[PDB]
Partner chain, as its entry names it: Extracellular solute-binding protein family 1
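Just one chain is shown here, as structure tokens, and it is the form solved without the partner chain.
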């Protein structure tokens, strides 16, 4: 929402509309478990750029799809609720309904949108709003994730282990419960023209505008973030199992 959402430059320069995302990146900046594990985008720093009468703060981070020729993108929103203690009351009826009619309250993960580039471009776009109808069960979420790995010619079963390995690293850090994250996503991307060796594939946690730093502030409500990651991992392992029958 804060920038035109589509990437073949090196960077994303994301505006700071509140303190939370920038406080989080600054806080994990020296923690090798966040920054050497490859589980969040490479953080270049917070920067001031001219805006209005003065300056606006931005986060400079890596563009995860830099130099991708045929990008495939899947965004999965993580947690058992997508509201937090600061959510506006006028948004709450909708947040409550979407959380309960999607897989969010049951699995702690929900479909958020997908793009597949199968040579016939324009790309095929799958709306985030599919989550309360077409992708509203574990079985249908599994089918759409399989579809992400369908490059238009075959299932890219060889990429799935990378994705599980990434989720393992996320699980290991989030077990420590230093942060609560609401409305954050795991972004899965790959270039369908990649080989394994080219390493044009990525799996990162993103969007930290509603992150709470538990050593600094109270946040009583639960995020269910670790429950969601565990469920998503379990779905990917099911997919590995299912892709052997091919």
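Each form is matched to the other, and the largest set of C-alpha atoms that superpose within 1.5 Å is called the rigid core. Positions refer to the first chain, counted from 1.
Below: the form solved in complex with the partner chain, not depicted.
Residues with any non-hydrogen atom within 4.5 angstroms of the partner chain in the entry with it bound fall in just one of 177-185, 63-71, 216-224, 36-44: 63-71. Although the partner is absent here, residue 235 is not a contact residue: none of its heavy atoms lies within 4.5 angstroms of the partner chain in the entry with it bound. The partner chain in the entry with it bound comes within 4.5 Å of no heavy atom belonging to residue 196. In the entry with it bound, at least one heavy atom of residue 56 sits within 4.5 Å of the partner chain.
Contact check for residue 8: a heavy atom falls within 4.5 Å of the partner chain in the entry with it bound. Interface residues of 191-213, taken as those with a heavy atom within 4.5 Å of the partner chain in the entry with it bound (partner not displayed), are absent. Of the candidates 178, 207, 57, 62, the Cα that moves 2 angstroms or more after core superposition between the shown form and the other one belongs to 57 alone. Relative to the superposed rigid core, the position of the CA of residue 48 differs between the shown form and the other one by 2 Å or more.
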